[PDB]
Structure formats: C-alpha cells, structure tokens
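Residue strings, one per chain:
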Amino acid sequence: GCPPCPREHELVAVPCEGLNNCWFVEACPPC
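Residues numbered from 1 in each chain as written, not as in the entry; some residues may be left out. Heavy atoms only, no water.

What the deposited record gives as its method is solution NMR.

## Brief notes about the overall build of the protein
This is how it is decided: Only DSSP runs of H or I with at least four residues qualify as helices, and only runs of E with at least two residues qualify as strands; both kinds are numbered from the N terminus onward. Exposure classes here rest on a 1.4 Å probe applied to the protein chains alone. A residue is buried below 20% of its type maximum, exposed above 50%, and partly exposed in between. Under the convention used here, a 1.4 Å probe and the Shrake-Rupley method define accessible areas, while residue burial counts only the protein chains that appear.
Broken down by element type, the protein carries zero helices and zero strands. Projected onto the principal axes, the alpha-carbon positions of the protein cover approximately 25 × 15 × 10 Å. For the protein, with 31 residues in total, the buried portion stands at 16%. When the accessible surface of the protein is totalled, it reaches about 2600 Å², and 61% of it is carbon and sulfur.

## Considering the state of the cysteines
Rules: The disulfide criterion is simple: two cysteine sulfur atoms within 2.5 Å.
Under the definition given, this model contains three disulfides. Sulfur-sulfur distance for the disulfide between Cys2 and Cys28 comes to 2.0 Å. Sign of the S-S torsion, about 80° for the bond between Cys2 and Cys28, identifies this disulfide as right-handed. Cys28 matches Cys2 in its accessibility class, with the two residues each being buried. Paired through a disulfide, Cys5 and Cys31 show a sulfur-sulfur distance of 2.0 Å. Given an S-S torsion of about 95°, the disulfide between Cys5 and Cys31 has right-handed geometry.

Dropping the structure here:
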C-alpha cells in the first residue's frame, strides 16, 4: 500500500473526484 513511516497523506492512489472510495488502501493516515 503506502510507504512506511513517515507518511502524511500521500496520494498513492488517485482520489475519485475527491472521494477515497476507490483506492488500493483507503487513505493512509499520518504514520
């Protein structure tokens, strides 16, 4: 999914019109 810490809110997956319901991992939180 997303990289190991640290990580803030990197857009590894492109948000569908702002929404996060179309990712491999739905919005990785800070670390």
